[PDB]
Amino acid sequence: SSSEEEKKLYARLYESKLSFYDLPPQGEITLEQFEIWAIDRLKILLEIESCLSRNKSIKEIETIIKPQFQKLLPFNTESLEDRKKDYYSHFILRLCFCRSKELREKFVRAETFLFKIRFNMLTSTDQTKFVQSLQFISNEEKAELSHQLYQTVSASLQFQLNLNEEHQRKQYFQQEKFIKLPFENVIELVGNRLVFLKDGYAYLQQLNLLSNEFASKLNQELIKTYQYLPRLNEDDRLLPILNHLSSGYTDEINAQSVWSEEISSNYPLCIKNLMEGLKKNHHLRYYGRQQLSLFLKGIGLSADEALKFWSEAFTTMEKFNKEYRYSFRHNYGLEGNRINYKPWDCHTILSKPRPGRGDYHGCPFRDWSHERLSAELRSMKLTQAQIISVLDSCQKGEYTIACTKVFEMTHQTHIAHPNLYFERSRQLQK
Amino acid sequence: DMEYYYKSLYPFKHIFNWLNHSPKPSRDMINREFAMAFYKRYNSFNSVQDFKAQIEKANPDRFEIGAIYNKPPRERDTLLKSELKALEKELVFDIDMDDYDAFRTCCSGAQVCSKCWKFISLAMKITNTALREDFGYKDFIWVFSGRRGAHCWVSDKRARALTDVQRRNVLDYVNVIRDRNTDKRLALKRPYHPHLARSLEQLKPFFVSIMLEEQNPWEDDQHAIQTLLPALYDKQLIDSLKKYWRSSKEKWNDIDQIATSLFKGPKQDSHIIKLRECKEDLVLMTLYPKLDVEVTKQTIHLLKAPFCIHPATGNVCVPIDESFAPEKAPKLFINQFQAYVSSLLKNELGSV
Ligand code: SF4
């Protein structure tokens, strides 16, 4: 087929910015683009699955994945190449994940969630265009049932679109169109009562219905592709790639609470030193920055809350966004190879270079003089015998033993992790 | 007595025609499960004569209607347990007087009368409104349970082919009053669903006439404290009303008067709105249908067949019309069943 025919067929296929993936793609693409596009969509899908397994909120999920859209598979672009990337990537993963039922379930779940997101950032005009591209009710029928439909959908609009004002809800309802469908296809909404039900028909919460239809059609197409796969088993090129891709699958703590006494009372000595140096200097150096950021990640501080806390502690935004935002997001494993970096344990902390002037990282039981450590203990109401005990532990090089002693006197005995210290201190209050 | 009832008085032909959904015998009756209480299950009959003869021979106190299977239930002993799969059964609702006993004073225990039958009648009205205006069902009939309850049999072909998930969703749509305890405020979701608003609007006119005058359950101060007061939202209002405490009407007006006396200032509007919402919630608690959730959930559930004799009172489980009362049920209607069965048959032919 010619280039003009391909362009016309594609423009017909993506008259809306989203597609249902009904007709398989037509054209020739290289093995390079095949593998690259399949890997890109698999990366986005693995990220959605990792977000699911952590029970993250929907909003947090799109916040994480929007840059991955801008990087791997950009959406809402008039470029034909990106649209073909999306289409061929979806069908390549369709080919790859159809071998087993578990793979099919995972694929359809992730793809339907991706559809949910993609419909979410699409605008209301674009959403209407895609939906029009399942019978919509006429204007007279909507006007006749306007009161009941408004009563049914008012709560849903308020809770999903955040239209707290009644006038905004009424304006949205005036423009909102509805689809007449039977309750057998909308039973899940009927049970929760999100759809007005009349004479055996449910008046559509349309995203849930669209996603369910997507899941059903996708599962049927996956089964059909599994039926047709033995014919395509004859090619030497694709089989290793499909096999590789199949095996490739296989707040209480916020920016203001970490500053409070309630949370800081559960910190170890090192984290107190980092926190206090941050407060004094409004800035921390690299090893101290990474140490404190990883500890905060271990205690449950979110990426957004970490960014807010780090921005407010560094009392311009230009240099922050240029130089520290990427580091503070990458500690959380949101870019690069996306390493959810494990917080440093006491061995990792003690393996770092010894701090100098202005450097606050490390272990106070090793880097501080005995006088400063002793004074910090008197500030903790530690008696002289206890101070002598922890100093004896420090003098032998058993800094972790000294920290464990400090924990016991201030509050499985041995603690070799600041996050373990914090968790046990929180448990003692729980 | 039961032998004579099944020999001469029970309408076997009409029940057979209703269950088979066709004048000629078909798999709707050959494969339909029958359970007999004397508890023998998985019985089926090939014709009206076989049905009558087996019922006369076994002589049960009552028998119950099951679902339609792929294979005859009478041959279950020759079939694997996984081979007998349920296909269709009429959608069924069960309402009893038990859940309204905390709100009635005319009868005590298991007794029923026309005065307390208003709760049941309003339950039928609301359920019929839901099924007709919402679900579009047309062929449904209400059958007396024998002592103080009513059974609904929805014979619509769409209702008959419903799966267990669909039946559960339908019940959840209808069963608004999920928590039957009278010591806790319902706190129903706001704003009301159109079905809930419509049900409240229909139940409002009868609320005064039944509860505040004819039943008068809150006239007893202890009864008021146990049921009427927990329906409120404000602890100060509850304490003030308890200290002040009359017939149900006087207490009902005292609620408004004390709320007006206590709640003043710019925030009084929220308080009066909340009080009105609590009053609507209590009206629904008192008057909304309180279905038996178990019988409706699954297709395999067994419900007592129509025209059965209640073992304790001798009342025959006759169909219920608008003017039916527990006293009107004869002791040990056929034409009404004829009209219903005929309408069901013509609707079935129209659907075909
Ligand atoms: S022993 Fe570990 S947790 Fe304690 S102060 Fe030293 S580095 Fe921090």
# chains A, B, ... in the order shown; residues from 1 in each chain; ligands from 1
call {"tool": "closest_atom_pairs", "arguments": {"of": "chain A", "to": "chain B", "cutoff": "7 Å", "atoms": "only C-alpha atoms", "output": "JSON lines"}}
result
{"residue": "A:148", "atom": "CA", "partner": "B:194", "partner_atom": "CA", "distance": 5.5}
{"residue": "A:151", "atom": "CA", "partner": "B:193", "partner_atom": "CA", "distance": 6.2}
{"residue": "A:152", "atom": "CA", "partner": "B:193", "partner_atom": "CA", "distance": 5.6}
{"residue": "A:155", "atom": "CA", "partner": "B:191", "partner_atom": "CA", "distance": 6.9}
{"residue": "A:184", "atom": "CA", "partner": "B:166", "partner_atom": "CA", "distance": 6.7}
{"residue": "A:187", "atom": "CA", "partner": "B:169", "partner_atom": "CA", "distance": 6.1}
{"residue": "A:190", "atom": "CA", "partner": "B:169", "partner_atom": "CA", "distance": 6.5}
{"residue": "A:191", "atom": "CA", "partner": "B:169", "partner_atom": "CA", "distance": 4.8}
{"residue": "A:193", "atom": "CA", "partner": "B:173", "partner_atom": "CA", "distance": 7.0}
{"residue": "A:197", "atom": "CA", "partner": "B:134", "partner_atom": "CA", "distance": 5.3}
{"residue": "A:198", "atom": "CA", "partner": "B:134", "partner_atom": "CA", "distance": 3.9}
{"residue": "A:199", "atom": "CA", "partner": "B:136", "partner_atom": "CA", "distance": 3.8}
{"residue": "A:200", "atom": "CA", "partner": "B:135", "partner_atom": "CA", "distance": 3.9}
call {"tool": "residues_near_ligand", "arguments": {"ligand": "ligand 1", "cutoff": "10 Å", "atoms": "only C-alpha atoms and all ligand atoms", "output": "JSON, numbers by chain"}}
result
{"A": [267, 268, 269, 270, 271, 272, 273, 291, 344, 345, 346, 347, 348, 349, 350, 361, 362, 363, 364, 365, 366, 367, 394, 398, 399, 400, 401, 402, 403, 404, 405, 406, 407, 414, 415, 416, 417, 418, 419, 420, 421, 422]}
call {"tool": "write_last_selection", "arguments": {"atoms": "C-alpha atoms", "output": "mmCIF file, in the first residue's frame"}}
result
data_model
loop_
_atom_site.group_PDB
_atom_site.id
_atom_site.type_symbol
_atom_site.label_atom_id
_atom_site.label_comp_id
_atom_site.auth_asym_id
_atom_site.auth_seq_id
_atom_site.Cartn_x
_atom_site.Cartn_y
_atom_site.Cartn_z
ATOM 1 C CA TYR A 267 14.997 9.829 64.886
ATOM 2 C CA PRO A 268 18.503 8.477 65.506
ATOM 3 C CA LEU A 269 21.493 10.670 66.290
ATOM 4 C CA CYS A 270 22.707 10.838 62.681
ATOM 5 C CA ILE A 271 19.345 11.950 61.307
ATOM 6 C CA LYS A 272 19.054 14.562 64.054
ATOM 7 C CA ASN A 273 22.475 15.870 63.020
ATOM 8 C CA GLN A 291 21.322 9.988 53.425
ATOM 9 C CA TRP A 344 21.335 3.401 53.696
ATOM 10 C CA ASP A 345 21.950 1.090 56.631
ATOM 11 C CA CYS A 346 24.619 1.762 59.248
ATOM 12 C CA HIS A 347 27.217 -0.206 57.275
ATOM 13 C CA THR A 348 26.497 1.855 54.152
ATOM 14 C CA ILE A 349 26.596 5.063 56.209
ATOM 15 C CA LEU A 350 29.922 4.093 57.798
ATOM 16 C CA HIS A 361 26.527 12.947 57.172
ATOM 17 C CA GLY A 362 28.021 9.848 58.755
ATOM 18 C CA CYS A 363 27.611 8.537 62.279
ATOM 19 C CA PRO A 364 27.911 10.918 65.264
ATOM 20 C CA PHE A 365 29.147 7.995 67.368
ATOM 21 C CA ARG A 366 32.214 7.888 65.080
ATOM 22 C CA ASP A 367 32.721 11.409 63.709
ATOM 23 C CA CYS A 394 32.152 3.997 70.653
ATOM 24 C CA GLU A 398 30.901 -0.454 67.950
ATOM 25 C CA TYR A 399 28.940 2.601 66.861
ATOM 26 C CA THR A 400 25.828 0.533 66.115
ATOM 27 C CA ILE A 401 26.001 -0.925 69.634
ATOM 28 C CA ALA A 402 26.207 2.606 71.047
ATOM 29 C CA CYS A 403 23.186 3.697 68.996
ATOM 30 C CA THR A 404 21.256 0.647 70.218
ATOM 31 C CA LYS A 405 22.170 1.549 73.797
ATOM 32 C CA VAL A 406 21.008 5.132 73.227
ATOM 33 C CA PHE A 407 17.709 3.829 71.837
ATOM 34 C CA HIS A 414 20.636 -4.751 67.936
ATOM 35 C CA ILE A 415 19.852 -1.900 65.529
ATOM 36 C CA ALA A 416 21.950 -1.600 62.363
ATOM 37 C CA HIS A 417 19.610 0.717 60.442
ATOM 38 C CA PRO A 418 18.294 4.249 61.124
ATOM 39 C CA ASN A 419 14.953 3.282 59.584
ATOM 40 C CA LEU A 420 14.797 0.279 61.920
ATOM 41 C CA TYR A 421 15.486 2.675 64.808
ATOM 42 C CA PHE A 422 12.621 4.920 63.682
#
call {"tool": "residues_around", "arguments": {"residues": "residue B:45", "least_positions_apart": "3", "cutoff": "10 Å", "atoms": "only C-alpha atoms", "output": "PDB file with N, CA and C atoms, in the first residue's frame"}}
result
ATOM      1  N   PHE B  16     -48.912 -25.447  37.080  1.00  0.00           N
ATOM      2  CA  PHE B  16     -48.141 -26.051  35.997  1.00  0.00           C
ATOM      3  C   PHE B  16     -48.038 -25.116  34.800  1.00  0.00           C
ATOM      4  N   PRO B  25     -46.483 -29.067  27.668  1.00  0.00           N
ATOM      5  CA  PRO B  25     -45.349 -29.394  28.541  1.00  0.00           C
ATOM      6  C   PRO B  25     -44.025 -29.199  27.815  1.00  0.00           C
ATOM      7  N   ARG B  27     -39.429 -28.325  28.802  1.00  0.00           N
ATOM      8  CA  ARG B  27     -38.351 -28.508  29.765  1.00  0.00           C
ATOM      9  C   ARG B  27     -38.448 -27.554  30.946  1.00  0.00           C
ATOM     10  N   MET B  29     -40.843 -27.392  32.993  1.00  0.00           N
ATOM     11  CA  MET B  29     -41.453 -28.158  34.074  1.00  0.00           C
ATOM     12  C   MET B  29     -40.805 -29.514  34.291  1.00  0.00           C
ATOM     13  N   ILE B  30     -40.297 -30.141  33.227  1.00  0.00           N
ATOM     14  CA  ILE B  30     -39.630 -31.431  33.370  1.00  0.00           C
ATOM     15  C   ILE B  30     -38.313 -31.271  34.119  1.00  0.00           C
ATOM     16  N   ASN B  31     -37.603 -30.170  33.881  1.00  0.00           N
ATOM     17  CA  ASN B  31     -36.299 -29.935  34.481  1.00  0.00           C
ATOM     18  C   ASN B  31     -36.353 -29.008  35.691  1.00  0.00           C
ATOM     19  N   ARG B  32     -37.543 -28.602  36.123  1.00  0.00           N
ATOM     20  CA  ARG B  32     -37.678 -27.693  37.254  1.00  0.00           C
ATOM     21  C   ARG B  32     -37.607 -28.464  38.566  1.00  0.00           C
ATOM     22  N   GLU B  33     -36.828 -27.937  39.507  1.00  0.00           N
ATOM     23  CA  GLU B  33     -36.615 -28.607  40.781  1.00  0.00           C
ATOM     24  C   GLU B  33     -37.774 -28.350  41.735  1.00  0.00           C
ATOM     25  N   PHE B  34     -38.222 -29.411  42.400  1.00  0.00           N
ATOM     26  CA  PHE B  34     -39.238 -29.332  43.440  1.00  0.00           C
ATOM     27  C   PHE B  34     -38.695 -29.940  44.724  1.00  0.00           C
ATOM     28  N   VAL B  48     -49.123 -32.334  34.286  1.00  0.00           N
ATOM     29  CA  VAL B  48     -50.034 -31.964  35.365  1.00  0.00           C
ATOM     30  C   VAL B  48     -50.481 -33.200  36.130  1.00  0.00           C
ATOM     31  N   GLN B  49     -50.785 -34.282  35.410  1.00  0.00           N
ATOM     32  CA  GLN B  49     -51.211 -35.516  36.063  1.00  0.00           C
ATOM     33  C   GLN B  49     -50.111 -36.078  36.955  1.00  0.00           C
ATOM     34  N   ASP B  50     -48.869 -36.094  36.461  1.00  0.00           N
ATOM     35  CA  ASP B  50     -47.757 -36.574  37.276  1.00  0.00           C
ATOM     36  C   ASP B  50     -47.542 -35.688  38.495  1.00  0.00           C
ATOM     37  N   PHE B  51     -47.618 -34.368  38.306  1.00  0.00           N
ATOM     38  CA  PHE B  51     -47.489 -33.427  39.415  1.00  0.00           C
ATOM     39  C   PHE B  51     -48.530 -33.712  40.492  1.00  0.00           C
ATOM     40  N   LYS B  52     -49.801 -33.794  40.087  1.00  0.00           N
ATOM     41  CA  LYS B  52     -50.887 -34.025  41.030  1.00  0.00           C
ATOM     42  C   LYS B  52     -50.735 -35.370  41.727  1.00  0.00           C
ATOM     43  N   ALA B  53     -50.406 -36.417  40.966  1.00  0.00           N
ATOM     44  CA  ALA B  53     -50.298 -37.751  41.545  1.00  0.00           C
ATOM     45  C   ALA B  53     -49.158 -37.829  42.552  1.00  0.00           C
ATOM     46  N   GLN B  54     -47.994 -37.270  42.215  1.00  0.00           N
ATOM     47  CA  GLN B  54     -46.868 -37.317  43.140  1.00  0.00           C
ATOM     48  C   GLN B  54     -47.148 -36.500  44.397  1.00  0.00           C
ATOM     49  N   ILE B  55     -47.777 -35.328  44.248  1.00  0.00           N
ATOM     50  CA  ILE B  55     -48.092 -34.522  45.426  1.00  0.00           C
ATOM     51  C   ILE B  55     -49.099 -35.244  46.314  1.00  0.00           C
ATOM     52  N   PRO B  72     -33.120 -33.314  34.248  1.00  0.00           N
ATOM     53  CA  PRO B  72     -34.186 -33.478  35.248  1.00  0.00           C
ATOM     54  C   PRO B  72     -33.617 -33.686  36.638  1.00  0.00           C
ATOM     55  N   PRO B  73     -34.109 -32.938  37.628  1.00  0.00           N
ATOM     56  CA  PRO B  73     -33.637 -33.143  39.008  1.00  0.00           C
ATOM     57  C   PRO B  73     -33.946 -34.522  39.564  1.00  0.00           C
ATOM     58  N   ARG B  74     -35.006 -35.178  39.086  1.00  0.00           N
ATOM     59  CA  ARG B  74     -35.355 -36.498  39.601  1.00  0.00           C
ATOM     60  C   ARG B  74     -34.318 -37.553  39.243  1.00  0.00           C
TER      61      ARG B  74
END
call {"tool": "residues_around", "arguments": {"residues": "stretch 105-109 of chain A", "least_positions_apart": "2", "cutoff": "8 Å", "atoms": "only C-alpha atoms", "output": "ChimeraX atom specification"}}
result
/A:94,97,101-103,111-113,215,218-219
call {"tool": "write_last_selection", "arguments": {"atoms": "N, CA and C atoms", "output": "PDB file, in the first residue's frame"}}
result
ATOM      1  N   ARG A  94       0.165  -7.373  22.282  1.00  0.00           N
ATOM      2  CA  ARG A  94      -0.917  -8.332  22.078  1.00  0.00           C
ATOM      3  C   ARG A  94      -0.374  -9.671  21.603  1.00  0.00           C
ATOM      4  N   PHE A  97       1.822 -11.332  24.712  1.00  0.00           N
ATOM      5  CA  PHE A  97       1.240 -11.690  26.001  1.00  0.00           C
ATOM      6  C   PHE A  97       0.054 -12.642  25.895  1.00  0.00           C
ATOM      7  N   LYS A 101      -2.981 -17.598  30.159  1.00  0.00           N
ATOM      8  CA  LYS A 101      -4.138 -16.874  30.678  1.00  0.00           C
ATOM      9  C   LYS A 101      -3.724 -15.804  31.683  1.00  0.00           C
ATOM     10  N   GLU A 102      -2.735 -16.102  32.527  1.00  0.00           N
ATOM     11  CA  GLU A 102      -2.256 -15.108  33.485  1.00  0.00           C
ATOM     12  C   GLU A 102      -1.692 -13.889  32.769  1.00  0.00           C
ATOM     13  N   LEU A 103      -0.910 -14.120  31.711  1.00  0.00           N
ATOM     14  CA  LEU A 103      -0.381 -13.013  30.926  1.00  0.00           C
ATOM     15  C   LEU A 103      -1.506 -12.205  30.295  1.00  0.00           C
ATOM     16  N   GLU A 111      -3.677  -2.565  30.317  1.00  0.00           N
ATOM     17  CA  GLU A 111      -4.105  -1.797  29.155  1.00  0.00           C
ATOM     18  C   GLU A 111      -5.399  -1.040  29.428  1.00  0.00           C
ATOM     19  N   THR A 112      -6.341  -1.652  30.152  1.00  0.00           N
ATOM     20  CA  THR A 112      -7.569  -0.941  30.488  1.00  0.00           C
ATOM     21  C   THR A 112      -7.296   0.206  31.450  1.00  0.00           C
ATOM     22  N   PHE A 113      -6.368   0.017  32.391  1.00  0.00           N
ATOM     23  CA  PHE A 113      -6.004   1.136  33.257  1.00  0.00           C
ATOM     24  C   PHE A 113      -5.338   2.253  32.462  1.00  0.00           C
ATOM     25  N   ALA A 215     -11.846  -4.121  28.031  1.00  0.00           N
ATOM     26  CA  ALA A 215     -11.320  -5.367  28.577  1.00  0.00           C
ATOM     27  C   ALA A 215     -11.917  -6.574  27.870  1.00  0.00           C
ATOM     28  N   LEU A 218     -10.611  -6.726  24.237  1.00  0.00           N
ATOM     29  CA  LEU A 218      -9.191  -7.041  24.265  1.00  0.00           C
ATOM     30  C   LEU A 218      -8.959  -8.507  24.600  1.00  0.00           C
ATOM     31  N   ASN A 219      -9.724  -9.051  25.550  1.00  0.00           N
ATOM     32  CA  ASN A 219      -9.599 -10.467  25.880  1.00  0.00           C
ATOM     33  C   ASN A 219     -10.001 -11.346  24.702  1.00  0.00           C
TER      34      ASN A 219
END
call {"tool": "residues_around", "arguments": {"residues": "residue B:203", "least_positions_apart": "6", "cutoff": "8 Å", "atoms": "only C-alpha atoms", "output": "PyMOL selection string"}}
result
chain B and resi 122+283-284+287-288
call {"tool": "select_by_dssp", "arguments": {"residues": "stretch 19-221 of chain A", "states": "alpha helix (DSSP H)", "output": "VMD selection string"}}
result
chain A and resid 31 to 53 58 to 71 80 to 96 101 to 121 124 to 132 139 to 144 146 to 160 166 to 175 187 to 192 206 to 221
call {"tool": "select_by_dssp", "arguments": {"residues": "stretch 90-246 of chain B", "states": "strand (DSSP E)", "output": "ChimeraX atom specification"}}
result
/B:91-95,140-144,150-154
call {"tool": "write_last_selection", "arguments": {"atoms": "N, CA, C and O atoms", "output": "PDB file, in the first residue's frame"}}
result
ATOM      1  N   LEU B  91     -37.538 -14.321  39.467  1.00  0.00           N
ATOM      2  CA  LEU B  91     -36.951 -13.468  40.492  1.00  0.00           C
ATOM      3  C   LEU B  91     -37.927 -13.317  41.652  1.00  0.00           C
ATOM      4  O   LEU B  91     -39.101 -12.993  41.450  1.00  0.00           O
ATOM      5  N   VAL B  92     -37.442 -13.551  42.868  1.00  0.00           N
ATOM      6  CA  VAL B  92     -38.310 -13.687  44.030  1.00  0.00           C
ATOM      7  C   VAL B  92     -37.882 -12.718  45.122  1.00  0.00           C
ATOM      8  O   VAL B  92     -36.690 -12.487  45.352  1.00  0.00           O
ATOM      9  N   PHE B  93     -38.879 -12.145  45.797  1.00  0.00           N
ATOM     10  CA  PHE B  93     -38.675 -11.286  46.953  1.00  0.00           C
ATOM     11  C   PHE B  93     -39.485 -11.826  48.122  1.00  0.00           C
ATOM     12  O   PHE B  93     -40.601 -12.320  47.936  1.00  0.00           O
ATOM     13  N   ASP B  94     -38.921 -11.731  49.324  1.00  0.00           N
ATOM     14  CA  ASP B  94     -39.581 -12.195  50.537  1.00  0.00           C
ATOM     15  C   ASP B  94     -39.583 -11.076  51.566  1.00  0.00           C
ATOM     16  O   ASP B  94     -38.525 -10.532  51.903  1.00  0.00           O
ATOM     17  N   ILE B  95     -40.772 -10.734  52.061  1.00  0.00           N
ATOM     18  CA  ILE B  95     -40.951  -9.707  53.080  1.00  0.00           C
ATOM     19  C   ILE B  95     -41.748 -10.317  54.223  1.00  0.00           C
ATOM     20  O   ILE B  95     -42.734 -11.024  53.987  1.00  0.00           O
ATOM     21  N   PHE B 140     -45.339  -9.805  37.347  1.00  0.00           N
ATOM     22  CA  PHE B 140     -44.996 -10.127  38.723  1.00  0.00           C
ATOM     23  C   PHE B 140     -46.269 -10.204  39.552  1.00  0.00           C
ATOM     24  O   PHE B 140     -47.224  -9.456  39.327  1.00  0.00           O
ATOM     25  N   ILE B 141     -46.276 -11.125  40.512  1.00  0.00           N
ATOM     26  CA  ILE B 141     -47.434 -11.359  41.367  1.00  0.00           C
ATOM     27  C   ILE B 141     -46.957 -11.470  42.808  1.00  0.00           C
ATOM     28  O   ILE B 141     -45.835 -11.917  43.071  1.00  0.00           O
ATOM     29  N   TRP B 142     -47.802 -11.042  43.738  1.00  0.00           N
ATOM     30  CA  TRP B 142     -47.504 -11.110  45.160  1.00  0.00           C
ATOM     31  C   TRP B 142     -48.360 -12.184  45.818  1.00  0.00           C
ATOM     32  O   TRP B 142     -49.578 -12.229  45.620  1.00  0.00           O
ATOM     33  N   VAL B 143     -47.717 -13.047  46.601  1.00  0.00           N
ATOM     34  CA  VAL B 143     -48.362 -14.205  47.206  1.00  0.00           C
ATOM     35  C   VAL B 143     -48.205 -14.121  48.718  1.00  0.00           C
ATOM     36  O   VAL B 143     -47.104 -13.871  49.220  1.00  0.00           O
ATOM     37  N   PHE B 144     -49.311 -14.320  49.435  1.00  0.00           N
ATOM     38  CA  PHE B 144     -49.277 -14.369  50.891  1.00  0.00           C
ATOM     39  C   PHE B 144     -48.389 -15.516  51.358  1.00  0.00           C
ATOM     40  O   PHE B 144     -48.440 -16.618  50.806  1.00  0.00           O
ATOM     41  N   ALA B 150     -45.318 -11.777  52.660  1.00  0.00           N
ATOM     42  CA  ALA B 150     -45.711 -11.733  51.261  1.00  0.00           C
ATOM     43  C   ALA B 150     -44.531 -12.120  50.385  1.00  0.00           C
ATOM     44  O   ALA B 150     -43.393 -11.728  50.656  1.00  0.00           O
ATOM     45  N   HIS B 151     -44.809 -12.891  49.338  1.00  0.00           N
ATOM     46  CA  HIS B 151     -43.796 -13.348  48.395  1.00  0.00           C
ATOM     47  C   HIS B 151     -44.084 -12.771  47.015  1.00  0.00           C
ATOM     48  O   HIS B 151     -45.224 -12.829  46.540  1.00  0.00           O
ATOM     49  N   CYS B 152     -43.053 -12.227  46.377  1.00  0.00           N
ATOM     50  CA  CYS B 152     -43.159 -11.684  45.029  1.00  0.00           C
ATOM     51  C   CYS B 152     -42.507 -12.645  44.047  1.00  0.00           C
ATOM     52  O   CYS B 152     -41.402 -13.137  44.295  1.00  0.00           O
ATOM     53  N   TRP B 153     -43.195 -12.919  42.941  1.00  0.00           N
ATOM     54  CA  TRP B 153     -42.706 -13.824  41.903  1.00  0.00           C
ATOM     55  C   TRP B 153     -42.678 -13.071  40.581  1.00  0.00           C
ATOM     56  O   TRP B 153     -43.721 -12.888  39.944  1.00  0.00           O
ATOM     57  N   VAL B 154     -41.490 -12.643  40.166  1.00  0.00           N
ATOM     58  CA  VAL B 154     -41.315 -11.926  38.908  1.00  0.00           C
ATOM     59  C   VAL B 154     -41.076 -12.959  37.813  1.00  0.00           C
ATOM     60  O   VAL B 154     -40.023 -13.599  37.770  1.00  0.00           O
TER      61      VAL B 154
END
call {"tool": "residues_around", "arguments": {"residues": "residue B:346", "least_positions_apart": "5", "cutoff": "12 Å", "atoms": "only C-alpha atoms", "output": "list in words"}}
result
residues 18, 21, 22, 23, 138, 139, 156, 339, 340, 341, 351 and 352 of chain B
call {"tool": "residues_around", "arguments": {"residues": "residue B:41", "least_positions_apart": "5", "cutoff": "12 Å", "atoms": "only C-alpha atoms", "output": "NGL selection string"}}
result
:B and (32-36 or 63-67 or 73-77 or 300-302)
call {"tool": "write_last_selection", "arguments": {"atoms": "N, CA and C atoms", "output": "mmCIF file, in the first residue's frame"}}
result
data_model
loop_
_atom_site.group_PDB
_atom_site.id
_atom_site.type_symbol
_atom_site.label_atom_id
_atom_site.label_comp_id
_atom_site.auth_asym_id
_atom_site.auth_seq_id
_atom_site.Cartn_x
_atom_site.Cartn_y
_atom_site.Cartn_z
ATOM 1 N N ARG B 32 -37.543 -28.602 36.123
ATOM 2 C CA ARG B 32 -37.678 -27.693 37.254
ATOM 3 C C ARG B 32 -37.607 -28.464 38.566
ATOM 4 N N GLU B 33 -36.828 -27.937 39.507
ATOM 5 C CA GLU B 33 -36.615 -28.607 40.781
ATOM 6 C C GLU B 33 -37.774 -28.350 41.735
ATOM 7 N N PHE B 34 -38.222 -29.411 42.400
ATOM 8 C CA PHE B 34 -39.238 -29.332 43.440
ATOM 9 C C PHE B 34 -38.695 -29.940 44.724
ATOM 10 N N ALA B 35 -38.857 -29.219 45.828
ATOM 11 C CA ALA B 35 -38.470 -29.694 47.147
ATOM 12 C C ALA B 35 -39.717 -29.867 47.997
ATOM 13 N N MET B 36 -39.758 -30.945 48.773
ATOM 14 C CA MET B 36 -40.944 -31.324 49.531
ATOM 15 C C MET B 36 -40.612 -31.340 51.017
ATOM 16 N N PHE B 63 -44.490 -27.560 49.637
ATOM 17 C CA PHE B 63 -43.434 -27.813 48.670
ATOM 18 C C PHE B 63 -42.988 -26.488 48.075
ATOM 19 N N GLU B 64 -41.742 -26.451 47.611
ATOM 20 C CA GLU B 64 -41.097 -25.214 47.208
ATOM 21 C C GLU B 64 -40.622 -25.302 45.763
ATOM 22 N N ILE B 65 -40.633 -24.155 45.086
ATOM 23 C CA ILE B 65 -40.299 -24.059 43.669
ATOM 24 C C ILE B 65 -38.809 -23.788 43.532
ATOM 25 N N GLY B 66 -38.138 -24.574 42.691
ATOM 26 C CA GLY B 66 -36.735 -24.398 42.412
ATOM 27 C C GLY B 66 -36.482 -23.742 41.068
ATOM 28 N N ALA B 67 -35.252 -23.903 40.595
ATOM 29 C CA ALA B 67 -34.838 -23.338 39.321
ATOM 30 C C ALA B 67 -34.970 -24.370 38.204
ATOM 31 N N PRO B 73 -34.109 -32.938 37.628
ATOM 32 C CA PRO B 73 -33.637 -33.143 39.008
ATOM 33 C C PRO B 73 -33.946 -34.522 39.564
ATOM 34 N N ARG B 74 -35.006 -35.178 39.086
ATOM 35 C CA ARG B 74 -35.355 -36.498 39.601
ATOM 36 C C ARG B 74 -34.318 -37.553 39.243
ATOM 37 N N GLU B 75 -33.475 -37.290 38.246
ATOM 38 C CA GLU B 75 -32.416 -38.203 37.842
ATOM 39 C C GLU B 75 -31.049 -37.763 38.350
ATOM 40 N N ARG B 76 -31.014 -36.942 39.403
ATOM 41 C CA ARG B 76 -29.748 -36.431 39.920
ATOM 42 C C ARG B 76 -28.848 -37.560 40.406
ATOM 43 N N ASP B 77 -29.441 -38.630 40.943
ATOM 44 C CA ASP B 77 -28.651 -39.749 41.441
ATOM 45 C C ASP B 77 -27.851 -40.430 40.338
ATOM 46 N N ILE B 300 -30.568 -20.747 42.556
ATOM 47 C CA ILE B 300 -30.842 -22.080 43.084
ATOM 48 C C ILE B 300 -31.692 -22.036 44.350
ATOM 49 N N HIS B 301 -31.992 -20.848 44.867
ATOM 50 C CA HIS B 301 -32.779 -20.739 46.087
ATOM 51 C C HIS B 301 -34.190 -21.278 45.884
ATOM 52 N N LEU B 302 -34.739 -21.862 46.943
ATOM 53 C CA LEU B 302 -36.061 -22.471 46.918
ATOM 54 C C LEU B 302 -37.028 -21.624 47.732
#
call {"tool": "atom_distance", "arguments": {"atom1": "atom CA of residue B:241", "atom2": "atom CA of residue B:265"}}
result
20.6 Å
call {"tool": "atom_distance", "arguments": {"atom1": "atom CA of residue B:212", "atom2": "atom CA of residue B:128"}}
result
25.6 Å
call {"tool": "atom_distance", "arguments": {"atom1": "atom CA of residue A:74", "atom2": "atom CA of residue A:18"}}
result
12.4 Å
